Amino acid sequence: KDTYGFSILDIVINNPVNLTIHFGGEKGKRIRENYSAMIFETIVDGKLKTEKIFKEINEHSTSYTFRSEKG
Amino acid sequence: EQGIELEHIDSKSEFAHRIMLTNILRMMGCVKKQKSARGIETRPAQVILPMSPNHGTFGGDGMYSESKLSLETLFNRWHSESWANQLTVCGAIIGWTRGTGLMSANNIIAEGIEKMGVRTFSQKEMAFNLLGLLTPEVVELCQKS
């Protein structure tokens, strides 16, 4: 809840098909940062090449939807 | 509320004040309660409040001025209470907008007012002004204060 803006309990109990995370307000910007700061840290030719998980999440994103067919 | 001075404030004005103030606070309150019941702390609703430069300047408008001035408390209440994550406050001080239910009775003089180097608005322009408050940059600004 505090880091990624979702309840793992909610997903276990309700198994929602989609989950939208909202990045509104101060708390939402902090959660958005956590999604952005979530990075792949690879070493290529003795150089740190940091890539982003959640490419579609930038500083102008207001939401992110996790998607599934069934849950 | 037209032709309702202080001494005429009665049923209609109390009802108008319920519409234009009290039940706006209740509507905001209801949205706050729904969001909080569902744990929504990161998707605040921007409240575009129809504020007025008319705080008893024209007269004869019942409790209009009281309704409009009372909305200005929300600017402070946003900081002092516990609803800031559910609602943001955007106070639009709406200028002289020709053609509306409230202002159509004042259309004939607007050319004269503009000779002072002042601006009256069409409903289209005012709508455009208010839609400017719902742009991503103003939305982010109201989330800060």
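Scope of the values below: all heavy atoms of this structure, side chains included, with no hydrogens, waters or symmetry mates. Residue numbers begin at 1 in each chain, while the letters A, B, ... track the order of the sequences.
Residue B:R77 qualifies as open at atom CZ: its count of foreign heavy atoms under 6.0 Å is 12 or below. Atom CD1 of A:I43 has more than 12 neighbouring heavy atoms from other residues, nucleotides or ligands inside a 6.0 Å radius. Heavy atoms from other residues, nucleotides or ligands lying under 6.0 Å from CD of B:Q2 number 12 at most. When the shell of 6.0 Å around NE2 of B:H79 is examined, it contains more than 12 heavy atoms from other residues, nucleotides or ligands. The local environment of CD1 in A:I39 is crowded, with over 12 non-hydrogen atoms from other residues, nucleotides or ligands closer than 6.0 Å.
Note that NZ of A:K29 is 8.0 Å distant from NZ of B:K144, once rounded to the nearest 0.5 Å. One finds the CD atom of B:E41 at 10.5 Å from the CG atom of A:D2 (value rounded to the nearest 0.5 Å). Taking NZ from A:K27 and CD from B:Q143, the interatomic distance works out to 14.0 Å, rounded to the nearest 0.5 Å. Atom CZ of residue A:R30 and atom OG1 of residue B:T42 lie 11.0 Å apart, to the nearest 0.5 angstrom.
Between B:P44 and A:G25, the closest heavy-atom pair is CD-N, 4.4 Å.
Only the side chain of A:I31 comes within contact range of chain B, with at least one heavy atom under 4.5 Å from a heavy atom of that chain.
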